[PDB]
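> Here it is, the structure in full.
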Protein chains: 2
Amino acid sequence: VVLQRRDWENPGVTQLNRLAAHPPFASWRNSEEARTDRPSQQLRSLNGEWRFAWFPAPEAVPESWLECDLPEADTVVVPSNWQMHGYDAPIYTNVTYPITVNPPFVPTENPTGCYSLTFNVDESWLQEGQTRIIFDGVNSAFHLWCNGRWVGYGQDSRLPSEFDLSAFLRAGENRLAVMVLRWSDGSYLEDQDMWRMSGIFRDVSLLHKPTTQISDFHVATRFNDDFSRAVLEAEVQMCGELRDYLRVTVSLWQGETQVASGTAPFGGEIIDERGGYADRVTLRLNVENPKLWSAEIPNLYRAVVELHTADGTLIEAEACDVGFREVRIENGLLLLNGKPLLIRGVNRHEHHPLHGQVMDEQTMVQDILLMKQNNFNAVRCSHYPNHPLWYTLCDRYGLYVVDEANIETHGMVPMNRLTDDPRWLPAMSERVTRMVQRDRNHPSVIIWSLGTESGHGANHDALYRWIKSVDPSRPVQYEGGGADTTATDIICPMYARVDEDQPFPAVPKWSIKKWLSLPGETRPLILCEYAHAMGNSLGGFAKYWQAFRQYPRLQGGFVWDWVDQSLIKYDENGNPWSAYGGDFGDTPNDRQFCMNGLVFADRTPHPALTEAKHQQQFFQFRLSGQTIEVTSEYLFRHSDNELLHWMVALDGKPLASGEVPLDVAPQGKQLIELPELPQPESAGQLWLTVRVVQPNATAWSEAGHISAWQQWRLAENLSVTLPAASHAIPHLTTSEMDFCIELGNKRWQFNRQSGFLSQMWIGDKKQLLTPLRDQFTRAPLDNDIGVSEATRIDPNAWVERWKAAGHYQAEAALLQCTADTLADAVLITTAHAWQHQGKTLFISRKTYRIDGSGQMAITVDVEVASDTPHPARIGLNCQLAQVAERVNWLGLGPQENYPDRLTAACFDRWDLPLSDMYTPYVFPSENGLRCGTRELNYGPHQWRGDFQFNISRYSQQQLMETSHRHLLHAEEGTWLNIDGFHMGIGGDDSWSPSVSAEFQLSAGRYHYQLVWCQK
Amino acid sequence: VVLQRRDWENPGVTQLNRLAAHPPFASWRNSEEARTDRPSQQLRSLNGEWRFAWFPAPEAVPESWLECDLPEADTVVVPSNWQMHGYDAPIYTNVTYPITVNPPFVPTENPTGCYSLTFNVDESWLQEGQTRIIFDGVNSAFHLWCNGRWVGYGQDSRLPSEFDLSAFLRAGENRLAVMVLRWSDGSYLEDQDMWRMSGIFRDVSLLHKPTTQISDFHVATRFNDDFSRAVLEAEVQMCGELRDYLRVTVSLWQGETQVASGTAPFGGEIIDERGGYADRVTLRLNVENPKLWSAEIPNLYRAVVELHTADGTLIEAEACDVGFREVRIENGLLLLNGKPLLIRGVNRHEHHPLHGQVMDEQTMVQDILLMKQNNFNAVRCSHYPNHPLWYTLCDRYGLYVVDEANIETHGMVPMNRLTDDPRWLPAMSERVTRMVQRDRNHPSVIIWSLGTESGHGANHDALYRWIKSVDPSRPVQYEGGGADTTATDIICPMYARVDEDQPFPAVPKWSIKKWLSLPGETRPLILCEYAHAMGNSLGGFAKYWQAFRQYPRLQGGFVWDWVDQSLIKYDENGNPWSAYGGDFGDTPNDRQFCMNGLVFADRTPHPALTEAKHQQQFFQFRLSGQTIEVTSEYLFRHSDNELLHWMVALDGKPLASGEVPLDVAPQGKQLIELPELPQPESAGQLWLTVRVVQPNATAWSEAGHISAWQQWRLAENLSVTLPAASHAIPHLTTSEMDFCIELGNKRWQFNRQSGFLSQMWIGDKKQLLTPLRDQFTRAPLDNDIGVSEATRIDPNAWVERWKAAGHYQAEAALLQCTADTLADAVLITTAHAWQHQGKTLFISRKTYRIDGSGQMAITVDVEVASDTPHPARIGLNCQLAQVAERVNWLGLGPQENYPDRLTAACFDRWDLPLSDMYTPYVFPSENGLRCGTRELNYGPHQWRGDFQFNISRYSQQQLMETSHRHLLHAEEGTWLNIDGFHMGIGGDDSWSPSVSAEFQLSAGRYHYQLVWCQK
Ligand SMILES: [Mg+2]
Ligand SMILES: [Mg+2]
Ligand SMILES: [Mg+2]
Ligand SMILES: [Mg+2]
Ligand code: NA
Ligand code: NA
Ligand code: NA
Ligand code: NA
Ligand code: NA
Ligand code: NA
């Protein structure tokens, strides 16, 4: 019958014989074990070694398999995705569905996973009560057999499916058989931008409950106006036979102290003309001066729910963690415990590079620590309900959660083709309701979300009202259909810009500042997705946070996203490398669009991460005279684990420094008086750096953790002294093909046909492998490329503007090249013009001055044609012969920084190994820049001026021709790029031009100067 | 798989392979036929003779039935209910489920109907296009096979279920097999107070459409401030292969005149980031000064939707009737076309005494004509979507409709057990959504309803918002959970009273005047059920209408209900009788509670109908001197078919009459002067009577139809003349046992032991069969009985208060009986005491004065113990010897009227046959009373005074002992009851006391006088 019905091609059938959803159960038979959240004997794990066989379709599955293990089958770990074991390929597609769009049908070649397990069941579990099996995650649909008999069917990859096995088991050995289909009618609602995989990827377990049992329970907390009194309200439901002797007790614990308690018989209030719920009871407990829950201080109580007899004999007990907090919207502001929130959030998919989409505790804890260490306070479950342990961990560590239902239909045309169709309402409702029924008691969950990218349909409206009706404690949001529909309490756009309107038809993304004050609008605005962190990204990030602070109704957003979705492949010699879309034969695919993280697959930080930490600081600073003003952005806590370190330095050289304790109230101010500063000996700029240090370790950080910092310029003494004139005078040697200059053990050569410095000698040794030439291009970033491909060009992306304008193909034509001997120097003058098909793009005019002391002063003036696309950079490059261990500079650092992403960097003297001067982005591009530099040292070379640079073993050319980082090979010597000017990187999104006007190189005339010498 | 799946015990499966729901289609291939609504060749009826066999379960059905006709099966007529043909019993239950409550399961003994049909299909339908089958109604679930192969499955008994037969049909003979189950998981949502039947009870048809087709269309009409401009908006959706040459044209017609037109290609406006619906188009037509639709004047246009090509080739045509009207709630008022409605409504089930739940045109038309003739302007579809033809007739004749979803869970405990469970959301949503998708283009449908008596659950909220999202042109209403929840735009209580609060816990029925002004309340109030019309009922009906008129926000209600649900059975002689609950072996049952109508099952009126007509009049009246002031309650029309008849009479005798045209604007007044009336000579009371008459016939009434009336007392001249002094004197004859009085041929006898008038003689004929005695009781009405039964007594009911107090068993004790001889008369004086168990209930003191003219003046004074329950009446009864043909009276008439139901009756001189003085209620009770009577004539007898009376061949004893009207037999002679005072009949409901305080007999001391003579 099962192969005849094809329930996996019927959106009217989403389960068969499946049990009702509920909060996490353990069925404790002792109240103390429940209180302390220790393991339960009534909850067994079935994870471990199972039997597995792969089939191309469900028609290919032999009928013997229902009763006998297949000898052809293998032994594999569960939980797992079968693509991670090599049985078939994982696919990466973004918008376009991985199957033909023909609802409700799927392909006839539908890969099939046959899992089986032989296991023991104890006699005690069968004599009394109810034994159930629980599958936490099966992708995407499945049929279940026990001892050869059919049990039932289930869909939705991301929520538990449970079945009663009481009538099916025997004492001793038992056999489970699970048939997992890769594709089903459920797939039409699971079109998230991620790897498409399948199998049993979350926990399997077995739970024993009594016959008379707790079948559901709800906890609520409401408050008086000043939060000095609370009422905890708990509604409990039972199953089994109803008797007068039955009782529930809900008791509230704080550590080992019981603070409140209530006991009552079953039989709720009268509800209508037919009475009340005889199988339900409500308990109300008064709590005076409750400790409140927030992400700043995650205060938790333990609630224990006991079903028992009047006389006091336990039947069973459940329990959960309780956080006393209020979430409400008033006067256009989202409030937590009466104060306006500021969301420092991120989006987080469940991803591991080795295990695929299987989640474990070690990884989850690793993620939460990094988040909190980097000033984040909120997370979005993009875009499905998470592993149940996630919520418990957020409750305990302190993070605000947006729990989101497993619905995305991005690939339909138009986007709401299913979500407006009443025949898809049943399948949709189950994905929203079963989420709310499971997670409604977690305090970390503050907002419900209806899914993502499914346009706006009437089904969203019904399900919105359903949530508001069953759970008034929490606001509901939904971005689809323009981000401000009747199905959202919060304006929640994706990738809307700070100042810039993007007036798309029907679904415009307004500037967030403008969006608030549209006629009739009153709601708060929090971006569900912003600052697309693909590759070298996060430009313009400070612009959001400046707006967030100034505008009360702008309350933050969630960065896209946390972690790169790369996977590990192995080569011939057995070495691992990071792979993205296409790398498995998967076609069509969306290549590297699956890598948008602030961290790599293995949780190493991208440079963008430090920019997020600095801008998301909790302390704000102002300087007046000798006075630092410190302001706190905390809403509830004092600065009880904070001190201020201050230091003053003269061009990197330390002069004075000290410490002061921080004692600031939430929203308060503290004025710190700096002592009399000693007077500086010499020329240079004085800088002040402050940083907030945490002396004591926490649950989430180490002793000495740095949480905030800020810099200021102090007094400047400009250099007014002439370097006393030297004895020596440089000598010029004119040839037809070269101008050569000599001074002691140093030699310079200017080629008279190319017009550039072709070689330079210290003593006798060659310093250059390539001539010193102008450069107006960069190895293109992901933001520069957008969705542009070889076979389908988008002419609007920056890379295509540059290609079509000939910027990459342009050839330097020499206009002028003269030499003159002066009293104490030699002066070389050059001029070049870069042309493409008869159009002059660039003109570069230079003078090189070599004086008696071996210093070379280079002066550059560039003209750029007003009607060419603004250049990526204006600077110089060369390949040095020398390979040295260390790079030393006086400028912004120590990490990678660009003009629109440099606020986190500080001015000082930095020193790193060469390999650190390279950011290993999986898709290679321009990387490693440092800005605002006054001095650079590498080997015996020193450059001075006011410039930006990168230094590495990889040419811009290798970087732009190579697609995977592991395919790069180090070149002879070190490629040096020194720019007078560099274009911003943008990243408000990664599919259209996103570099803001004030970071484009549009001035038409540019000037910079540099001194090159030996040290 | 069909027997193994058991899809009828699974609320997660409500259909298999069923096509989407849609507005009435006919697939016309000629535009002129679509416009004129003439028959289509592409829509065949399959109604007529089919084959049928009955089984006790689906397991008992032979497999040969799929392949071949069963020799044992009978030929029967479809549509029908198989209970109406005798195959099993119909069941009457009100609240309690007809099956054991154990969701989702049904009994293993499940009466199965096996239907089959052999039919031919036109050759062309096989070559190309799509052939579907439509079942408008199947009760309650079914499986379908064509030519032995399985097609699909269907639930919901009240909306059409459609299937594609294209891959199934063949040349020549085809056979349909339809397996119909009585019970399903669908029955849990179908617990309406009604007979429970089964089968194929609505139409069956075949529809042939092109492969490229119209699959959906919506029509909407919106207006400017004063309705002088309209825009008609029509959205159209297609199925099949998209071609650039395709087009849609929507044209609007009034008769043969095209008023507006619009044409466009497919491809709607951009909706989201993925574009728009390429398979859809939206047309907008301008209409200046549109004829507006209302129930007063049902102005209709015709819209024709053509799917064609660019060069003018038609593919197919659909169509509908369009009414230009706006429905909105503003400032707490329900407005139609800017004006506040006053709903004169009624609930109506689909019921026929012979054919059960099968509807036909003739019965439908008959129903509508009788409603309009009685001043009803609105109907409620209790409690499911009706036969499609009903909405077409309502559009055309003009009645406001409340379309109701087929959801009632009355029998659950608590009432919302299912409707609050997310696992019942899918089954529920299909009942709401598929109603709306079908009926949204009907103009007569002004309000959507979510069902009835299912409590208030979160599923109601979700479906409330769904309707408001897809159709904002109509308010949504729902009564469950207290009548004023968040799932209704209208306060819509059932049986809430005018002045009296009933503060039930959780779900109080506040008095309707009070309900309006509760703190925070702003909504309009229209009762969804009021004035329960069970048996002798509708007392206090005037009180509702007075308040409807004084309070702008009380906008009317729907009477419960239209027609008695009695069925026809046949006895031993084959003579018909009216049957109710229990008479088919059906048990448990709710007896006569299925009979609640204003009309009998055959559409003969109850007396209550005329009271509805009068209180619901559209013209109000005031008299001031010679001035009659007429006011119109019409909102839209002038009195263009209305004249006023006036007449003045002196104690029934005509003195003057006239006619005046009526020309009153909507909400207008008109003053009409009376000519000065000729002076009346003799004593008496003058009465003015006015009626409004329609001189011309309409679509719903004949010429001469009376639509409104009113009466006033004018001048009274009190009688002062002495009667003619008679010359004879009455003689007394005493014995120990009797006082006899004699005058001429006349003779009176008084029993000195009982104390009553025991016999009277006119010459030598006895006039009495039973002595003249006080009576304080009545054969209890349904309102008297309530839910009280022999096996479960309700002590609070009036009949039980009377039974327990001994009213029915009280025996008369004689206290005093004397005779005196005066100058010209004989005086008899009596005193009686009625006692029960040593307690005195009533005392009656009488005098009888028999004088020289032969007249007998009876004076009566009664005491009623304040602590006894107030009596049903204070009067006299006796059984007269004579049986006569006519009854003639001066008083309120001509129909049955009671003290709290007599506003419709007029004071005049009435003359009827004796049988019209008896109302044949199916469950017999007190009936046929007439109030305000000053003179009664019957045979040679005449009674003068100021009394209430009823006259018949049936004693109060027989009426109370007999349960069915057909089991009554005429008694010898005639039973007369003459009351001085009679209690009200009540009727606000029929399950608690409902007679208002001022219509109960509580004065304690009563007085009345009669004169009995032979005229
Ligand atoms: Mg399915
Ligand atoms: Mg997407
Ligand atoms: Mg079913
Ligand atoms: Mg009911
Ligand atoms: Na803000
Ligand atoms: Na992505
Ligand atoms: Na590259
Ligand atoms: Na009113
Ligand atoms: Na009834
Ligand atoms: Na009776």
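Each chain in the structure tokens gets a letter, A, B and so on, in the order shown; residues start at 1 in every chain, and ligands are counted from 1 in the order they appear.
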When you get a sec, could you note down which chain A residues fall within 9 Å of chain B, using only C-alpha atoms, as a count of residues only?

60

> Let me see if you get this right: every residue at most 12 Å from ligand 7, counting only C-alpha atoms and all ligand atoms, written as a VMD selection string.

chain A and resid 535 to 536 592 778 to 782 784 to 785 799 920 to 927 954 to 968

> So which bits of range 919-980 of chain A end up helix (DSSP H, G or I) when you DSSP the backbone, as a ChimeraX atom specification?

/A:956-961,965-967

> Mind dumping the selected residues with N, CA and C atoms as a compact mmCIF listing (two decimals), in the first residue's frame?


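Saved result, again_3.txt, follows:
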```txt
# COMPACT_ATOMS: atom_id res chain seq x y z
N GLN A 956 48.44 40.19 -8.12
CA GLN A 956 47.03 40.47 -8.38
C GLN A 956 46.53 39.56 -9.48
N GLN A 957 47.40 39.30 -10.46
CA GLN A 957 47.09 38.43 -11.58
C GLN A 957 46.83 36.97 -11.15
N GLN A 958 47.71 36.36 -10.36
CA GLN A 958 47.41 35.02 -9.85
C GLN A 958 46.10 35.00 -9.07
N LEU A 959 45.92 35.99 -8.20
CA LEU A 959 44.73 36.10 -7.37
C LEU A 959 43.44 36.20 -8.19
N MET A 960 43.50 36.86 -9.34
CA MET A 960 42.31 36.99 -10.17
C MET A 960 42.05 35.82 -11.14
N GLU A 961 43.05 34.97 -11.35
CA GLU A 961 42.91 33.82 -12.26
C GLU A 961 42.60 32.51 -11.53
N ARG A 965 41.60 28.73 -3.02
CA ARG A 965 42.82 29.15 -2.33
C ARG A 965 43.91 28.09 -2.31
N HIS A 966 43.52 26.81 -2.28
CA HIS A 966 44.48 25.70 -2.22
C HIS A 966 45.27 25.53 -3.52
N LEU A 967 44.78 26.13 -4.61
CA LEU A 967 45.43 26.07 -5.92
C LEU A 967 46.46 27.19 -6.17
```

> Assign secondary structure with DSSP using the backbone only, and return the residues of range 196-419 of chain B in strand (DSSP E or B) as an MDAnalysis selection string.

chainID B and resid 196 199:200 204:209 213:223 229:239 246:254 257:264 272 275 280:288 292:293 298 301:309 314:322 324 327:330 333:336 339:340 343:347 352 356 378:380 400:404 408

> Which residues form the shell of 6 Å around ligand 9 when you count only C-alpha atoms and all ligand atoms, given as a VMD selection string?

chain B and resid 193 593 to 594 596

> Write out the residues from the selection above, keeping C-alpha atoms, as a compact mmCIF listing (two decimals), in the first residue's frame.


```txt
# COMPACT_ATOMS: atom_id res chain seq x y z
CA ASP B 193 -29.47 20.42 15.35
CA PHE B 593 -37.13 19.86 19.25
CA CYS B 594 -36.72 19.51 15.48
CA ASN B 596 -39.19 25.35 15.48
```

> Per residue of chain A within 10 Å of ligand 2, what are the shortest atom pair and its distance in Å to one decimal, counting only C-alpha atoms and all ligand atoms, with rows by chain and residue number, as CSV?


```
residue,atom,partner,partner_atom_place_in_ligand_line,distance
A:93,CA,ligand 2,1 (Mg),9.6
A:94,CA,ligand 2,1 (Mg),6.2
A:95,CA,ligand 2,1 (Mg),5.6
A:96,CA,ligand 2,1 (Mg),9.1
A:190,CA,ligand 2,1 (Mg),9.6
A:191,CA,ligand 2,1 (Mg),6.6
A:192,CA,ligand 2,1 (Mg),5.0
A:193,CA,ligand 2,1 (Mg),4.8
A:194,CA,ligand 2,1 (Mg),8.6
A:383,CA,ligand 2,1 (Mg),9.2
A:408,CA,ligand 2,1 (Mg),6.9
A:409,CA,ligand 2,1 (Mg),7.8
A:410,CA,ligand 2,1 (Mg),5.2
A:411,CA,ligand 2,1 (Mg),7.8
A:452,CA,ligand 2,1 (Mg),7.3
A:453,CA,ligand 2,1 (Mg),5.8
A:454,CA,ligand 2,1 (Mg),8.7
```

> Which neighbours of range 157-165 of chain A fall inside 9 Å, counting only C-alpha atoms, when residues of the same chain fewer than 3 positions from it are skipped, and could you give them as an MDAnalysis selection string?

chainID A and resid 15 17:21 130:141 146 151:154 168:169 186 190 198 202 384:387 405:406 431 434:435 438

> Write a file of the selected residues as a compact mmCIF listing (two decimals), in the first residue's frame, keeping N, CA, C and O atoms.


```
# COMPACT_ATOMS: atom_id res chain seq x y z
N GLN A 15 1.86 13.69 7.45
CA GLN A 15 2.19 12.63 8.41
C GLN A 15 1.11 11.54 8.45
O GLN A 15 -0.03 11.76 8.02
N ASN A 17 -0.11 8.59 11.49
CA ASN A 17 0.03 8.06 12.85
C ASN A 17 1.04 8.78 13.78
O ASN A 17 1.45 8.24 14.80
N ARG A 18 1.44 10.01 13.42
CA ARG A 18 2.39 10.80 14.22
C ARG A 18 1.73 11.42 15.45
O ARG A 18 0.58 11.85 15.40
N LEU A 19 2.47 11.47 16.56
CA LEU A 19 1.95 12.03 17.81
C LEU A 19 2.01 13.57 17.87
O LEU A 19 2.76 14.20 17.13
N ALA A 20 1.21 14.17 18.75
CA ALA A 20 1.19 15.63 18.91
C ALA A 20 2.52 16.23 19.41
O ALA A 20 3.24 15.61 20.19
N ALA A 21 2.83 17.44 18.96
CA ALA A 21 4.02 18.16 19.40
C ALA A 21 3.89 18.69 20.83
O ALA A 21 2.78 18.84 21.34
N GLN A 130 3.69 3.52 28.23
CA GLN A 130 3.82 3.85 26.81
C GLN A 130 5.26 4.11 26.38
O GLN A 130 5.95 4.95 26.95
N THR A 131 5.70 3.39 25.35
CA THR A 131 7.04 3.53 24.80
C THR A 131 6.97 4.17 23.42
O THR A 131 6.31 3.65 22.52
N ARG A 132 7.66 5.30 23.26
CA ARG A 132 7.66 6.02 21.99
C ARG A 132 9.06 6.21 21.43
O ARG A 132 10.05 6.26 22.18
N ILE A 133 9.13 6.33 20.11
CA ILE A 133 10.37 6.68 19.45
C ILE A 133 10.29 8.11 18.91
O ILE A 133 9.22 8.56 18.48
N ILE A 134 11.43 8.80 18.96
CA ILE A 134 11.52 10.20 18.58
C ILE A 134 12.66 10.42 17.60
O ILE A 134 13.82 10.14 17.92
N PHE A 135 12.31 10.91 16.41
CA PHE A 135 13.27 11.37 15.41
C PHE A 135 13.26 12.90 15.39
O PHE A 135 12.28 13.52 14.95
N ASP A 136 14.36 13.50 15.85
CA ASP A 136 14.49 14.96 15.95
C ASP A 136 14.66 15.67 14.61
O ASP A 136 14.28 16.84 14.48
N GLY A 137 15.26 14.96 13.64
CA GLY A 137 15.50 15.49 12.29
C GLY A 137 15.74 14.44 11.20
O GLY A 137 16.74 13.73 11.24
N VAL A 138 14.81 14.36 10.24
CA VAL A 138 14.87 13.46 9.08
C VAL A 138 14.60 14.24 7.79
O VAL A 138 13.55 14.86 7.66
N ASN A 139 15.52 14.17 6.83
CA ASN A 139 15.45 15.02 5.64
C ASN A 139 15.31 14.19 4.34
O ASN A 139 16.21 13.44 4.00
N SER A 140 14.19 14.30 3.62
CA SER A 140 13.09 15.23 3.92
C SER A 140 11.79 14.56 4.34
O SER A 140 10.94 15.20 4.96
N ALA A 141 11.62 13.28 4.00
CA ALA A 141 10.42 12.51 4.38
C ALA A 141 10.79 11.05 4.61
O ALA A 141 11.86 10.60 4.15
N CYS A 146 8.64 -1.38 12.27
CA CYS A 146 9.15 -2.02 13.47
C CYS A 146 8.80 -3.51 13.44
O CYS A 146 7.62 -3.89 13.36
N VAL A 151 4.53 1.40 10.71
CA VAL A 151 4.15 2.26 11.85
C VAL A 151 3.51 3.59 11.42
O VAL A 151 2.47 3.99 11.95
N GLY A 152 4.13 4.27 10.46
CA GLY A 152 3.67 5.59 10.04
C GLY A 152 4.68 6.37 9.22
O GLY A 152 5.74 5.85 8.85
N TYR A 153 4.34 7.63 8.96
CA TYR A 153 5.05 8.47 8.00
C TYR A 153 5.20 9.92 8.54
O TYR A 153 4.39 10.37 9.33
N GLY A 154 6.25 10.63 8.12
CA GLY A 154 6.50 11.99 8.60
C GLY A 154 7.26 12.89 7.63
O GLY A 154 8.09 12.40 6.85
N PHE A 168 4.07 -2.67 19.15
CA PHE A 168 4.99 -3.21 18.13
C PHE A 168 6.21 -3.94 18.69
O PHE A 168 6.82 -4.74 17.98
N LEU A 169 6.59 -3.65 19.92
CA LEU A 169 7.83 -4.20 20.47
C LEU A 169 7.66 -5.57 21.15
O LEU A 169 6.56 -5.97 21.50
N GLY A 186 7.32 18.16 0.67
CA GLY A 186 7.97 19.04 1.65
C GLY A 186 9.11 19.89 1.11
O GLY A 186 9.32 21.01 1.57
N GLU A 190 11.15 24.14 1.31
CA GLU A 190 12.48 24.11 1.93
C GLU A 190 13.54 24.59 0.94
O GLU A 190 14.55 23.91 0.71
N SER A 198 20.44 15.13 2.83
CA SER A 198 19.35 14.29 3.33
C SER A 198 19.82 13.20 4.28
O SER A 198 21.01 12.96 4.43
N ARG A 202 19.64 14.41 12.84
CA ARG A 202 19.56 14.74 14.26
C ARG A 202 19.26 13.49 15.08
O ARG A 202 19.06 12.41 14.54
N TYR A 384 14.90 28.04 9.99
CA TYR A 384 14.19 26.81 10.39
C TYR A 384 14.40 26.61 11.89
O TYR A 384 15.36 27.14 12.44
N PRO A 385 13.50 25.86 12.55
CA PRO A 385 13.74 25.60 13.98
C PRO A 385 15.02 24.80 14.18
O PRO A 385 15.31 23.90 13.38
N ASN A 386 15.78 25.14 15.22
CA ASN A 386 17.11 24.57 15.46
C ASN A 386 17.09 23.29 16.31
O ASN A 386 16.05 22.89 16.82
N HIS A 387 18.27 22.66 16.43
CA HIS A 387 18.53 21.59 17.40
C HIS A 387 18.07 22.06 18.79
O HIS A 387 18.40 23.18 19.21
N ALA A 405 10.07 29.54 11.54
CA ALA A 405 9.45 28.33 10.99
C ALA A 405 10.10 27.87 9.68
O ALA A 405 10.62 28.69 8.92
N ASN A 406 10.07 26.57 9.42
CA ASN A 406 10.75 25.95 8.27
C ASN A 406 9.98 26.16 6.96
O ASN A 406 9.49 25.19 6.37
N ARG A 431 3.99 23.64 10.12
CA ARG A 431 5.37 24.08 10.30
C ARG A 431 5.49 25.26 11.25
O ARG A 431 6.55 25.47 11.86
N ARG A 434 3.71 23.65 15.13
CA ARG A 434 4.55 22.64 15.78
C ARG A 434 5.85 23.25 16.31
O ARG A 434 6.47 22.70 17.23
N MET A 435 6.23 24.39 15.74
CA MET A 435 7.34 25.18 16.26
C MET A 435 6.95 25.85 17.58
O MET A 435 7.67 25.73 18.57
N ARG A 438 6.57 23.44 20.54
CA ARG A 438 7.86 22.92 21.02
C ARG A 438 8.68 23.95 21.83
O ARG A 438 9.27 23.61 22.87
```

> Residues within 10 Å of ligand 5, counting only C-alpha atoms and all ligand atoms: report them as a list in words.

residues 333, 340, 341, 342, 343, 524, 525, 526, 545, 546, 547, 548, 549, 550, 551, 552, 553, 554, 555 and 556 of chain A

> Residues at most 12 Å from ligand 6, using only C-alpha atoms and all ligand atoms? Could they come as a PyMOL selection string?

chain A and resi 92-95+192-195+347-349+382+529+532-535+560-566+580-581+589-597+782+786-787+989-991

> What gap, in Å, lies between CA of residue 579 in chain B and CA of residue 353 in chain B?

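CA of residue 579 in chain B sits 9.2 Å away from CA of residue 353 in chain B.
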
> Hey, can you check how far CA of residue 184 in chain A sits from CA of residue 106 in chain A?

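Atom-to-atom, CA of residue 184 in chain A and CA of residue 106 in chain A are spaced 6.3 Å apart.
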
> Near range 902-914 of chain A, within 8 Å and counting only C-alpha atoms, which residues show up once chain neighbours fewer than 4 positions away are dropped, as a PyMOL selection string?

chain A and resi 542+610-611+614-615+651-652+687+711+884-895+897-898+918+931-932+951-952

> Name all residues at most 7 Å from residue 489 in chain A (count only C-alpha atoms; drop same-chain ones fewer than 6 positions away) and give them as a ChimeraX atom specification.

/A:475-477,523

> Would you pick out the contacts of residue 110 in chain A at 9 Å or less, using only C-alpha atoms, so that residues sharing its chain but fewer than 6 positions from it are not included, and give the list as a ChimeraX atom specification?

/A:55-58,181-184

> Extract, using only C-alpha atoms, all DNA, RNA and protein residues at most 9 Å from residue 389 in chain B, discarding same-chain residues fewer than 6 positions from it, and format them as a PyMOL selection string.

chain B and resi 360-361+364

> Write the residues of the preceding selection, restricted to N, CA, C and O atoms, as a CSV table (one decimal), in the first residue's frame.


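Saved as out.csv:
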```
chain,number,residue,atom,x,y,z
B,360,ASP,N,-35.3,21.5,-4.4
B,360,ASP,CA,-35.7,21.7,-5.7
B,360,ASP,C,-36.1,23.2,-5.9
B,360,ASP,O,-36.4,23.9,-4.9
B,361,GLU,N,-36.1,23.6,-7.2
B,361,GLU,CA,-36.5,25.0,-7.5
B,361,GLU,C,-37.8,25.5,-6.9
B,361,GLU,O,-37.8,26.5,-6.2
B,364,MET,N,-37.8,26.2,-3.2
B,364,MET,CA,-37.0,27.4,-3.0
B,364,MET,C,-37.7,28.7,-3.3
B,364,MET,O,-37.8,29.6,-2.5
```
